[PDB]
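For reference, the structure discussed in these notes is given below.
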Amino acid sequence: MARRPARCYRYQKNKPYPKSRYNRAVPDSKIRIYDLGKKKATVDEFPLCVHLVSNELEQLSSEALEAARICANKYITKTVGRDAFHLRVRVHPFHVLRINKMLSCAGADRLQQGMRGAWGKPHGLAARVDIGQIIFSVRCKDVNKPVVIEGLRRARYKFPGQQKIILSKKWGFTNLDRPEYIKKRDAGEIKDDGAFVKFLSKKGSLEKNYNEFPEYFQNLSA
Amino acid sequence: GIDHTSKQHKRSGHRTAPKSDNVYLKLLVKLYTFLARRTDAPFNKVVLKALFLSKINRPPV
Amino acid sequence: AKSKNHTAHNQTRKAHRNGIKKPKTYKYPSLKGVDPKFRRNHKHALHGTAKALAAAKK
Amino acid sequence: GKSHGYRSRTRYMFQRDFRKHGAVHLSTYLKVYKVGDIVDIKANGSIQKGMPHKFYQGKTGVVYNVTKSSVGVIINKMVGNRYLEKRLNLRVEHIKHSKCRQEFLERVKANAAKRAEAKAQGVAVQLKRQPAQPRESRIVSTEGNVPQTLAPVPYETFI
Amino acid sequence: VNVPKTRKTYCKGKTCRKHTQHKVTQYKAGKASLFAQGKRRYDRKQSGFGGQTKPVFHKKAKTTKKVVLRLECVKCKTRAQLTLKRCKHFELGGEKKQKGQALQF
RNA sequence: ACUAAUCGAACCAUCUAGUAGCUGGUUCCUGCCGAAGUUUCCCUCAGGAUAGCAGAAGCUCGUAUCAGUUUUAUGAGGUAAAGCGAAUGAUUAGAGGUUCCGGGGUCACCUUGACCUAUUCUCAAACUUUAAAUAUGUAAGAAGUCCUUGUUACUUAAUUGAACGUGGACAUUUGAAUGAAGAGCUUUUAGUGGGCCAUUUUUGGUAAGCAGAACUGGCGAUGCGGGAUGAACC
RNA sequence: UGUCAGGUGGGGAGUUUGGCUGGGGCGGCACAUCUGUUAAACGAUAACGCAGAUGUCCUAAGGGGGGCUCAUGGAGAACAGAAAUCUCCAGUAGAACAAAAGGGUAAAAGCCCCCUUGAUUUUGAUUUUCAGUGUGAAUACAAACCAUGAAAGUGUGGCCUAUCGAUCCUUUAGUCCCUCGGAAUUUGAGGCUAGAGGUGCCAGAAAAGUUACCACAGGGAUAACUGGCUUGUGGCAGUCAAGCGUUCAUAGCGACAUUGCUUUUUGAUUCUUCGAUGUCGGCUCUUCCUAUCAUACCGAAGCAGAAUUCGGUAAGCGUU
RNA sequence: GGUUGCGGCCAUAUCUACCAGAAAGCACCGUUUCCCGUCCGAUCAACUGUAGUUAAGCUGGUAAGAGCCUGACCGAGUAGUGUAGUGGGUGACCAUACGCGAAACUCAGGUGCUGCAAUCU
Ligand SMILES: [Zn+2]
């Protein structure tokens, strides 16, 4: 069947209806890959973190995320190469939209009842977003900043509503502000773990804290 | 335009005069209306409001 | 044909028109359902205390 | 269709609290209930025999009957334009003493106590409670406490 | 459903007043026994013209009968009735269960 | 088809003023009060009975056994929110670690097929630690408090206790606030039992002046000023 | 031939031919019940809302008591392999509890073992549905008698929330009881008290269709027309730009999305009309809109000319 | 102050590692005539407190311990929500006024407390 226009399912009209054992017969989401670019770079390689944040409360159709993801990748890749960035599609397609299946054939009024038992069958998936929630997060080196904003600008155009390109003060995908993460990385409380980093807590078994973070204890002692 | 907590123009709901036609039974009420009003004795007030009772409310003694 | 199934509109208006009123609790509630063992006492205890006050009244 | 069984819509009213499942603490059967006591109803779901209906959970009423293992509670009930009286067969596992009434009782002993000394000396001992009165005047000194000014903070994304 | 041929239950036989041994059977309705008051009335009403005059049952929904048990006190020969729940198939005291038994087919 | 302008059962008279849960109509004035479209049951859904809302007749008393109210105190809830480095269910990315219960490449031979652990992203009406707001139960005494000791076939080992008591002492306040327009009770009967809309919370639907719900208030039954005009809006 | 009986007997007679329902019919049961959600944190709350289930099953899968802990994972043990049985360790329950779901349960409400019938009698009170009616189900008791346990205690069926039925009539049991009225006896019948035979349309008629020959009462409480709400569907338009276009995204298109307009379709609805608004198409005739096919004047092209394509003002004028 | 028997609240008590335990007590421990029970005196039962013994168990302590329990002007007066507006916004929703007001997070603490009885260097 022809895909219904996104104008119909724009708003958060219905309560969440996710894939569960009560929601059995549903198709799969169009978006499957959520992390793109040089996704396995360490945290320091990509200091700057940019977010594409929705300013309104609507539903992002699952495939609209896939549609914007290919566009955001494609400008970014061809401008600064394959591995100059790492974009993460934060929000996920869990809300399963419903379609009431209809017959529009000649004289379909006979074979179909209209609104009797009009509970809709699953039509697709969409991502529920509220105001201020991040849609896209790209992390890259700071000189790449013009490219990622423009690349995010092209991705904004696949989304309904208004979205904002905000230059987050955090150090990449971390939860730490730039000047004070530098203090933390310098003091040596940070071990990479493939793509993200480990923090040393003031609480814990000191022997394990020593196992993971020998450099902190050496740095203080020295 | 005021709110009305209770029902307005609500009759007191009690018999004020014997709605029997009996003239003699109205003479007694005329006498006791004067006594109930012109005395402080609660007894006259009681008998005055017992003369108005209907036949079912004035059972034989 | 198709009539509205249920509507509690104006239901609380109606109840409060005559006022929602307590059952006007009285002293000495009914000994109804009270423990039959206890009740079969209270007959005798009252029977004893009445004659005791009667004898006291002489 | 539609169901209104004896215990419908009780997915969470008869759940035992977190880490409070299992055996009822043994003080429950030890509390003594006398006719006239004011008790509330909180049906611990663990004990299935003698549960109250889900309407009475939280309803506080007096005890009118005391039985081997149960007590009889009177609860007023909203039915149309009148309150009905509901006498309930309640296992003591589902009830506990009301702490509201004992607060009033201990106050009464406090009122009687201070009235007793008021009989000797100090008439007009002001029995009745007083709500929070408007605060009286006072002097606010500034020794070491100069009023430090504030300014509204500029908007920052903070993200 | 299986219930034993015997049961130790109460017997209000004016002499027992205590739990006594019982012999139990399936309830039998018994012969219709014409000359009953309804049958005499019904024969009078059916005789003549007008065809069927009283309703005749047609629509059947239940497929069970509440089995009633004809409790019979072994001593005083007093008969009492006990009812059970509905049952598609019912037996009287046969093939007593054994738990740790093999898979006999 | 035709059977006297009458025919899928003629015409005339009567039973007959047949029956109607259905349609139309139901005649003077003024005054006071004044709704309902909801519960439940019905071969019930165009209708009834029953409860409710209203009137009238009042009756018993005289400021209370009160209240669409608040405070204080003490309960109850599992919604909104929040949570997944918390359970179940999902979920993206990686990082580190295996019995001869699979190396698929030289026998124990690096050997890409695992799960487990420390993280990371996003969730949930039929998930949840926790958890509001509003709404909600009770109490705020004189039918109470305290002391003395009588009844019981009930209870205790007991002349212990439980209930009811008997006699004694309990105003500036008889034990929070505000108000009370009188308070409480009965009888009886009319009409109603087609509702609709607005804010907010909502369910199905793409949506609807759509269908169904919760709270409240309105229109119906209502004029008057405003929105040029309008049943609901101010 | 008369009477009675059995059959046959739409020839004929009478009558019925459920309800709900986004018109009705079909379907379905939303008609009696249950769980979770919807249900908006007391309660109550609907839809032909969603996920489902019930009309049974059990002398044990009831009751009491005793012993132990289950799912799983890991380590091991000839056959033995992932999975035959044994042993140990970790094991907050991730198992089981008859059956749908939910709640609840660790010296247990789970597995095994022993005994038992309380799944008994008399009734009454109370809770839910609620009119505070009945049925159903359930809670607490009392008088009894039993069961189990050493006892406390528990037990008036299933761990709890569903598993079910009025008057009449029949039949069975109990009281050996009352009556048969002019006395008596015995059968017989009728009573009283406890059930059963069933009414699932589940507060309970005994009930098959058609009407295009129809009629009546009505209904816009309800369709078929239009109109109105909305625009899914159809059409039309737009934004972005992966690419096609030899090279080049945008000459012309344009996938992936995404934003709108229209009532030129079909929808959904039941607001207006059922004491009638004459129901398609064609003939004819007028006007209007522009979302322009031609013509006027233009701009753009992968427009040399000509043919064309796109777009602008433009509905004046034509459109057989 | 320790121990035991019975406990109340039911992790501040739990869990995982290490250390310590005078006296008493607890337990481990020794043996199967009788009772009793099991494939198996391992469980249970009996009997000796005798052969020993802190290795356990148990109790206490230790851990920048997980957890759990408190607080915090840490988050946060945030999210949310009651009321109102001829408030903004096409809408989605948002701000405001009068109120109430979380949770996660972070920090700071703590790791049982008692009750009856007997007993103990
Ligand atoms: Zn007998």
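Residues in the structure tokens are named by chain (A, B, ... in the order shown) and by number from 1 within that chain; ligands are numbered from 1 in the order shown.
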
Please report as a list in words which residues of chain A come no farther than 9 Å from chain H, using only C-alpha atoms (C1' of nucleotides).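 Here they are: residues 10, 11, 56, 57, 58, 161, 202, 203, 204, 205 and 206 of chain A.
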
Expected file: the selected residues, C-alpha atoms, as an mmCIF file, in the first residue's frame:
```
data_model
loop_
_atom_site.group_PDB
_atom_site.id
_atom_site.type_symbol
_atom_site.label_atom_id
_atom_site.label_comp_id
_atom_site.auth_asym_id
_atom_site.auth_seq_id
_atom_site.Cartn_x
_atom_site.Cartn_y
_atom_site.Cartn_z
ATOM 1 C CA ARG A 10 3.024 14.308 13.009
ATOM 2 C CA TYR A 11 1.731 14.761 16.532
ATOM 3 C CA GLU A 56 8.962 20.929 19.531
ATOM 4 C CA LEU A 57 7.099 17.786 20.560
ATOM 5 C CA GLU A 58 6.160 15.593 17.602
ATOM 6 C CA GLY A 161 8.885 20.953 12.615
ATOM 7 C CA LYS A 202 36.451 8.631 44.694
ATOM 8 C CA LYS A 203 34.398 5.668 45.959
ATOM 9 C CA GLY A 204 35.306 2.042 45.375
ATOM 10 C CA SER A 205 37.736 -0.680 46.300
ATOM 11 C CA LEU A 206 41.111 1.042 46.102
#
```

Spatial neighbours of residue 99 of chain D, 8 Å, only C-alpha atoms (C1' of nucleotides), chain gap at least 2 places, as a VMD selection string: (chain D and resid 97 101 to 103) or (chain F and resid 74 to 75)

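Listed by chain and then residue number, the contacts of ligand 1 are residues 8, 9, 10, 11, 12, 13, 14, 15, 16, 17, 18, 19, 20, 21, 22, 23, 71, 72, 73, 74, 75, 76, 77, 78, 79 and 80 of chain E (distance at most 12 Å, using only C-alpha atoms (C1' of nucleotides) and all ligand atoms).
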
With N, CA, C and O atoms retained, export the selected residues as a CSV table (one decimal), in the first residue's frame.
```csv
chain,number,residue,atom,x,y,z
E,8,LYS,N,-17.7,-40.5,55.4
E,8,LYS,CA,-18.0,-40.3,56.8
E,8,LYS,C,-18.5,-38.8,56.9
E,8,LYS,O,-17.7,-37.9,57.0
E,9,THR,N,-19.8,-38.6,56.8
E,9,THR,CA,-20.4,-37.3,56.9
E,9,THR,C,-21.5,-37.3,57.9
E,9,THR,O,-21.8,-38.3,58.5
E,10,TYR,N,-22.0,-36.1,58.2
E,10,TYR,CA,-23.0,-35.9,59.2
E,10,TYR,C,-24.3,-36.7,58.8
E,10,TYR,O,-24.6,-36.9,57.6
E,11,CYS,N,-25.1,-37.1,59.8
E,11,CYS,CA,-26.4,-37.7,59.6
E,11,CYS,C,-27.3,-37.1,60.7
E,11,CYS,O,-27.2,-37.5,61.8
E,12,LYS,N,-28.2,-36.2,60.2
E,12,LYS,CA,-29.2,-35.7,61.1
E,12,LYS,C,-30.5,-36.6,61.0
E,12,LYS,O,-31.6,-36.2,60.6
E,13,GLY,N,-30.3,-37.8,61.5
E,13,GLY,CA,-31.3,-38.8,61.5
E,13,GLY,C,-32.1,-38.9,62.8
E,13,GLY,O,-32.7,-39.9,63.1
E,14,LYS,N,-32.0,-37.8,63.6
E,14,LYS,CA,-32.7,-37.6,64.9
E,14,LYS,C,-32.1,-38.6,65.9
E,14,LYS,O,-32.4,-38.5,67.1
E,15,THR,N,-31.3,-39.5,65.5
E,15,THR,CA,-30.7,-40.5,66.4
E,15,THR,C,-29.2,-40.5,66.3
E,15,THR,O,-28.5,-40.7,67.3
E,16,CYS,N,-28.7,-40.2,65.1
E,16,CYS,CA,-27.2,-40.1,64.9
E,16,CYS,C,-26.6,-38.8,65.4
E,16,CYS,O,-25.9,-38.8,66.4
E,17,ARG,N,-27.0,-37.7,64.8
E,17,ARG,CA,-26.5,-36.4,65.1
E,17,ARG,C,-25.0,-36.3,65.2
E,17,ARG,O,-24.4,-35.6,65.9
E,18,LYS,N,-24.4,-37.2,64.3
E,18,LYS,CA,-22.9,-37.2,64.3
E,18,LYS,C,-22.4,-37.8,63.0
E,18,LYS,O,-23.2,-38.4,62.3
E,19,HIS,N,-21.2,-37.5,62.7
E,19,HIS,CA,-20.6,-38.0,61.5
E,19,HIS,C,-20.6,-39.5,61.5
E,19,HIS,O,-19.9,-40.2,62.3
E,20,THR,N,-21.3,-40.2,60.6
E,20,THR,CA,-21.4,-41.6,60.5
E,20,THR,C,-21.0,-42.1,59.1
E,20,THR,O,-20.9,-41.3,58.1
E,21,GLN,N,-20.8,-43.4,59.0
E,21,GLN,CA,-20.4,-44.0,57.7
E,21,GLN,C,-21.6,-44.0,56.8
E,21,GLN,O,-22.8,-44.2,57.2
E,22,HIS,N,-21.4,-43.7,55.5
E,22,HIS,CA,-22.4,-43.6,54.5
E,22,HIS,C,-22.1,-44.4,53.3
E,22,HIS,O,-21.0,-44.6,52.9
E,23,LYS,N,-23.2,-44.9,52.6
E,23,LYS,CA,-23.1,-45.5,51.3
E,23,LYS,C,-23.8,-44.5,50.4
E,23,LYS,O,-24.8,-43.9,50.7
E,71,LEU,N,-26.8,-39.9,49.7
E,71,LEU,CA,-26.1,-40.4,50.9
E,71,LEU,C,-27.1,-41.2,51.8
E,71,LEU,O,-28.2,-40.8,52.0
E,72,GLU,N,-26.6,-42.4,52.2
E,72,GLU,CA,-27.4,-43.4,52.8
E,72,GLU,C,-26.7,-43.9,54.1
E,72,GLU,O,-25.7,-44.7,53.9
E,73,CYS,N,-27.2,-43.5,55.3
E,73,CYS,CA,-26.5,-43.9,56.5
E,73,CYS,C,-26.6,-45.4,56.8
E,73,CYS,O,-27.7,-46.0,56.8
E,74,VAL,N,-25.4,-46.0,57.0
E,74,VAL,CA,-25.4,-47.5,57.1
E,74,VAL,C,-26.1,-48.0,58.3
E,74,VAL,O,-26.5,-49.2,58.3
E,75,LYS,N,-26.3,-47.2,59.3
E,75,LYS,CA,-27.0,-47.7,60.6
E,75,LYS,C,-28.5,-47.5,60.6
E,75,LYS,O,-29.2,-48.5,60.6
E,76,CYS,N,-29.0,-46.3,60.4
E,76,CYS,CA,-30.4,-46.0,60.6
E,76,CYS,C,-31.1,-46.0,59.3
E,76,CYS,O,-32.3,-45.7,59.3
E,77,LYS,N,-30.4,-46.2,58.2
E,77,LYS,CA,-31.1,-46.2,56.8
E,77,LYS,C,-31.7,-44.8,56.5
E,77,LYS,O,-32.9,-44.8,56.0
E,78,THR,N,-31.1,-43.7,56.9
E,78,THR,CA,-31.5,-42.4,56.6
E,78,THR,C,-30.9,-41.9,55.3
E,78,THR,O,-29.6,-42.0,55.2
E,79,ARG,N,-31.6,-41.4,54.4
E,79,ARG,CA,-31.1,-41.0,53.1
E,79,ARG,C,-31.1,-39.4,53.0
E,79,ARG,O,-32.0,-38.8,53.4
E,80,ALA,N,-29.9,-38.9,52.7
E,80,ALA,CA,-29.7,-37.5,52.6
E,80,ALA,C,-29.1,-37.2,51.2
E,80,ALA,O,-28.5,-38.0,50.6
```

Show me a table, sorted first by chain and then by increasing residue number, of the residues of chain C having an atom at most 9 Å from chain G, each with its shortest atom pair and the distance in Å to one decimal, counting only C-alpha atoms (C1' of nucleotides) and written as JSON lines.
```
{"residue": "C:1", "atom": "CA", "partner": "G:221", "partner_atom": "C1'", "distance": 6.3}
{"residue": "C:2", "atom": "CA", "partner": "G:21", "partner_atom": "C1'", "distance": 7.5}
{"residue": "C:3", "atom": "CA", "partner": "G:221", "partner_atom": "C1'", "distance": 8.8}
{"residue": "C:4", "atom": "CA", "partner": "G:46", "partner_atom": "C1'", "distance": 8.4}
{"residue": "C:5", "atom": "CA", "partner": "G:46", "partner_atom": "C1'", "distance": 6.2}
{"residue": "C:6", "atom": "CA", "partner": "G:46", "partner_atom": "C1'", "distance": 6.1}
{"residue": "C:7", "atom": "CA", "partner": "G:45", "partner_atom": "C1'", "distance": 8.0}
{"residue": "C:8", "atom": "CA", "partner": "G:45", "partner_atom": "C1'", "distance": 7.5}
{"residue": "C:32", "atom": "CA", "partner": "G:125", "partner_atom": "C1'", "distance": 7.3}
{"residue": "C:33", "atom": "CA", "partner": "G:125", "partner_atom": "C1'", "distance": 5.0}
{"residue": "C:34", "atom": "CA", "partner": "G:125", "partner_atom": "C1'", "distance": 8.6}
{"residue": "C:35", "atom": "CA", "partner": "G:141", "partner_atom": "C1'", "distance": 6.9}
{"residue": "C:36", "atom": "CA", "partner": "G:142", "partner_atom": "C1'", "distance": 6.0}
{"residue": "C:37", "atom": "CA", "partner": "G:142", "partner_atom": "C1'", "distance": 6.9}
```

Taking 6 positions as the minimum chain separation for residues in the same chain, which residues sit within 12 Å of segment 66-75 of chain G when counting only C-alpha atoms (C1' of nucleotides)? Answer as a ChimeraX atom specification. /F:99,115-116 /G:87-91,93-97,106-108,110-115,148-149 /H:37-38,43-44

Long-range neighbours of residue 56 of chain E as a ChimeraX atom specification, 12 Å cut-off, only C-alpha atoms (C1' of nucleotides), 6 positions minimum in chain: /G:169,198-199,205-207

Could you take the residues named above and write them with N, CA, C and O atoms (P, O5', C5', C4', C3', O3' and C1' of nucleotides), as a PDB file, in the first residue's frame?
```pdb
ATOM      1  P     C G 169     -47.125 -26.210  40.868  1.00  0.00           P
ATOM      2  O5'   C G 169     -46.613 -27.286  39.819  1.00  0.00           O
ATOM      3  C5'   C G 169     -47.445 -27.697  38.749  1.00  0.00           C
ATOM      4  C4'   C G 169     -46.722 -28.637  37.826  1.00  0.00           C
ATOM      5  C3'   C G 169     -45.971 -29.771  38.494  1.00  0.00           C
ATOM      6  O3'   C G 169     -46.801 -30.846  38.876  1.00  0.00           O
ATOM      7  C1'   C G 169     -44.570 -28.757  36.912  1.00  0.00           C
ATOM      8  P     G G 198     -31.210 -29.786  33.061  1.00  0.00           P
ATOM      9  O5'   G G 198     -32.230 -28.569  33.040  1.00  0.00           O
ATOM     10  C5'   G G 198     -33.221 -28.470  32.024  1.00  0.00           C
ATOM     11  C4'   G G 198     -33.326 -27.065  31.491  1.00  0.00           C
ATOM     12  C3'   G G 198     -32.002 -26.317  31.360  1.00  0.00           C
ATOM     13  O3'   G G 198     -32.061 -25.447  30.234  1.00  0.00           O
ATOM     14  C1'   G G 198     -33.438 -25.125  32.789  1.00  0.00           C
ATOM     15  P     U G 199     -30.708 -24.960  29.526  1.00  0.00           P
ATOM     16  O5'   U G 199     -31.145 -23.680  28.693  1.00  0.00           O
ATOM     17  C5'   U G 199     -31.269 -22.413  29.319  1.00  0.00           C
ATOM     18  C4'   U G 199     -32.708 -21.979  29.384  1.00  0.00           C
ATOM     19  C3'   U G 199     -32.954 -20.512  29.680  1.00  0.00           C
ATOM     20  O3'   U G 199     -32.825 -19.703  28.529  1.00  0.00           O
ATOM     21  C1'   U G 199     -34.402 -21.852  30.987  1.00  0.00           C
ATOM     22  P     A G 205     -38.151 -14.849  29.161  1.00  0.00           P
ATOM     23  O5'   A G 205     -38.496 -15.130  27.640  1.00  0.00           O
ATOM     24  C5'   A G 205     -38.693 -16.461  27.189  1.00  0.00           C
ATOM     25  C4'   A G 205     -40.133 -16.868  27.328  1.00  0.00           C
ATOM     26  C3'   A G 205     -40.468 -18.250  26.784  1.00  0.00           C
ATOM     27  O3'   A G 205     -41.422 -18.902  27.615  1.00  0.00           O
ATOM     28  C1'   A G 205     -41.736 -16.601  25.639  1.00  0.00           C
ATOM     29  P     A G 206     -41.212 -20.454  27.964  1.00  0.00           P
ATOM     30  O5'   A G 206     -41.330 -21.184  26.554  1.00  0.00           O
ATOM     31  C5'   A G 206     -40.534 -22.325  26.266  1.00  0.00           C
ATOM     32  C4'   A G 206     -40.727 -22.819  24.854  1.00  0.00           C
ATOM     33  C3'   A G 206     -40.480 -21.795  23.746  1.00  0.00           C
ATOM     34  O3'   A G 206     -39.855 -22.436  22.640  1.00  0.00           O
ATOM     35  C1'   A G 206     -42.661 -22.668  23.548  1.00  0.00           C
ATOM     36  P     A G 207     -38.950 -21.586  21.622  1.00  0.00           P
ATOM     37  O5'   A G 207     -39.902 -21.355  20.371  1.00  0.00           O
ATOM     38  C5'   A G 207     -40.111 -22.388  19.417  1.00  0.00           C
ATOM     39  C4'   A G 207     -40.303 -21.831  18.029  1.00  0.00           C
ATOM     40  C3'   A G 207     -39.352 -20.698  17.639  1.00  0.00           C
ATOM     41  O3'   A G 207     -39.020 -20.810  16.259  1.00  0.00           O
ATOM     42  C1'   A G 207     -41.577 -19.967  17.427  1.00  0.00           C
TER      43        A G 207
END
```

Between G:226, G:154, G:59, G:85, which one has atoms that come closest to chain E, using only C-alpha atoms (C1' of nucleotides)? G:59

Pull out every residue of chain B that has at least one atom within 7 Å of chain F, counting only C-alpha atoms (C1' of nucleotides), and report them as a PyMOL selection string. chain B and resi 5-6+13-14

Please, which residues of chain F lie no more than 10 Å from chain A when the count uses only C-alpha atoms (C1' of nucleotides), and can they be set out as a PyMOL selection string? chain F and resi 89-96+118-126+202-207+211

Sel. of alpha helix (DSSP H) residues, chain B, as a PyMOL selection string: chain B and resi 23-37+42-50

Length of the atom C1' of residue 123 of chain G to atom CA of residue 66 of chain D vector [Å]: 21.7 Å

Taking the chain letters and numbering used in this document, name the residues of segment 49-158 of chain A that DSSP puts in strand (DSSP E or B), as a ChimeraX atom specification. /A:49-54,59-61,85-89,95-99,121-128,134-140

Near residue 70 of chain F, within 12 Å and counting only C-alpha atoms (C1' of nucleotides), which residues show up once chain neighbours fewer than 6 positions away are dropped, as a PyMOL selection string? (chain D and resi 131) or (chain F and resi 176-179)

Okay, now the selection with N, CA and C atoms (P, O5', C5', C4', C3', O3' and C1' of nucleotides), as a PDB file, in the first residue's frame?
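Listing of again_23.pdb after writing:
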```pdb
ATOM      1  N   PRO D 131      -4.580  27.688  64.871  1.00  0.00           N
ATOM      2  CA  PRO D 131      -3.893  27.493  63.590  1.00  0.00           C
ATOM      3  C   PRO D 131      -2.669  28.382  63.500  1.00  0.00           C
TER       4      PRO D 131
ATOM      5  P     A F 176      -9.532  21.560  69.532  1.00  0.00           P
ATOM      6  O5'   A F 176     -10.424  22.133  68.349  1.00  0.00           O
ATOM      7  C5'   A F 176     -10.700  23.520  68.253  1.00  0.00           C
ATOM      8  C4'   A F 176      -9.796  24.174  67.242  1.00  0.00           C
ATOM      9  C3'   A F 176     -10.448  25.181  66.311  1.00  0.00           C
ATOM     10  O3'   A F 176     -10.582  26.463  66.894  1.00  0.00           O
ATOM     11  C1'   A F 176      -9.160  23.678  65.045  1.00  0.00           C
ATOM     12  P     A F 177     -11.885  27.349  66.593  1.00  0.00           P
ATOM     13  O5'   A F 177     -11.720  27.761  65.067  1.00  0.00           O
ATOM     14  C5'   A F 177     -10.625  28.553  64.644  1.00  0.00           C
ATOM     15  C4'   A F 177     -10.624  28.721  63.149  1.00  0.00           C
ATOM     16  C3'   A F 177     -11.905  29.272  62.551  1.00  0.00           C
ATOM     17  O3'   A F 177     -11.977  30.680  62.644  1.00  0.00           O
ATOM     18  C1'   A F 177     -11.170  27.410  61.294  1.00  0.00           C
ATOM     19  P     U F 178     -13.331  31.389  63.124  1.00  0.00           P
ATOM     20  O5'   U F 178     -14.232  31.413  61.817  1.00  0.00           O
ATOM     21  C5'   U F 178     -13.800  32.102  60.656  1.00  0.00           C
ATOM     22  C4'   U F 178     -14.594  31.692  59.443  1.00  0.00           C
ATOM     23  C3'   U F 178     -16.100  31.708  59.597  1.00  0.00           C
ATOM     24  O3'   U F 178     -16.666  32.998  59.496  1.00  0.00           O
ATOM     25  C1'   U F 178     -15.456  29.694  58.579  1.00  0.00           C
ATOM     26  P     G F 179     -17.964  33.354  60.365  1.00  0.00           P
ATOM     27  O5'   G F 179     -19.145  32.621  59.598  1.00  0.00           O
ATOM     28  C5'   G F 179     -19.451  32.961  58.260  1.00  0.00           C
ATOM     29  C4'   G F 179     -20.371  31.950  57.629  1.00  0.00           C
ATOM     30  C3'   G F 179     -21.665  31.665  58.367  1.00  0.00           C
ATOM     31  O3'   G F 179     -22.662  32.637  58.121  1.00  0.00           O
ATOM     32  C1'   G F 179     -20.658  29.634  57.747  1.00  0.00           C
TER      33        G F 179
END
```

Do me a favour and pick out the residues of chain D within 6 Å of chain G, using only C-alpha atoms (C1' of nucleotides), as a PyMOL selection string. chain D and resi 1+6-7+46+48+50+89

Which residues come within 8 Å of residue 72 of chain A, counting only C-alpha atoms (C1' of nucleotides), excluding same-chain residues fewer than 2 positions away, as a PyMOL selection string? chain A and resi 68-70+74-76+151-152+154-155

How would the residues just picked look written out with N, CA, C and O atoms as a compact mmCIF listing (two decimals), in the first residue's frame?
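To be explicit, this is the file written out as out.txt:
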```
# COMPACT_ATOMS: atom_id res chain seq x y z
N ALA A 68 17.13 11.10 6.77
CA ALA A 68 18.06 12.17 7.13
C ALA A 68 19.45 11.63 7.44
O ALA A 68 20.44 12.34 7.24
N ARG A 69 19.53 10.40 7.93
CA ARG A 69 20.84 9.83 8.26
C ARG A 69 21.69 9.65 7.01
O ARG A 69 22.89 9.95 7.03
N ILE A 70 21.09 9.19 5.92
CA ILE A 70 21.86 9.01 4.69
C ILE A 70 22.31 10.36 4.16
O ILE A 70 23.42 10.49 3.63
N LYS A 74 26.16 11.74 3.86
CA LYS A 74 26.64 11.83 2.49
C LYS A 74 27.32 13.16 2.21
O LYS A 74 28.36 13.19 1.53
N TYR A 75 26.77 14.27 2.71
CA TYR A 75 27.50 15.53 2.62
C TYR A 75 28.77 15.49 3.47
O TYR A 75 29.84 15.92 3.02
N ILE A 76 28.67 14.97 4.69
CA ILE A 76 29.80 14.97 5.61
C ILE A 76 30.93 14.11 5.05
O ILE A 76 32.11 14.51 5.07
N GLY A 151 26.27 20.01 7.16
CA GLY A 151 25.76 18.67 6.97
C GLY A 151 24.53 18.38 7.82
O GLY A 151 23.59 17.75 7.36
N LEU A 152 24.54 18.84 9.07
CA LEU A 152 23.35 18.73 9.90
C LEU A 152 22.21 19.57 9.34
O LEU A 152 21.04 19.18 9.44
N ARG A 154 21.49 20.06 6.24
CA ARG A 154 20.83 19.30 5.19
C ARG A 154 19.94 18.22 5.78
O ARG A 154 18.90 17.89 5.21
N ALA A 155 20.34 17.65 6.92
CA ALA A 155 19.53 16.62 7.56
C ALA A 155 18.30 17.21 8.23
O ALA A 155 17.27 16.53 8.32
```

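Here the question is which of D:72, D:61, D:22, D:45 gets nearest to chain C using only C-alpha atoms, and that residue is D:72.
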
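Close contacts of segment 45-47 of chain B, defined as residues with an atom at most 10 Å away when counting only C-alpha atoms (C1' of nucleotides), with chain neighbours fewer than 3 positions off set aside, comprise residues 29, 32, 33, 35, 36, 37, 39, 40, 41, 42, 50, 51 and 52 of chain B.
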
Enumerate as a PyMOL selection string the residues belonging to chain H that approach chain D to within 10 Å, with only C-alpha atoms (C1' of nucleotides) taken into account. chain H and resi 8-10
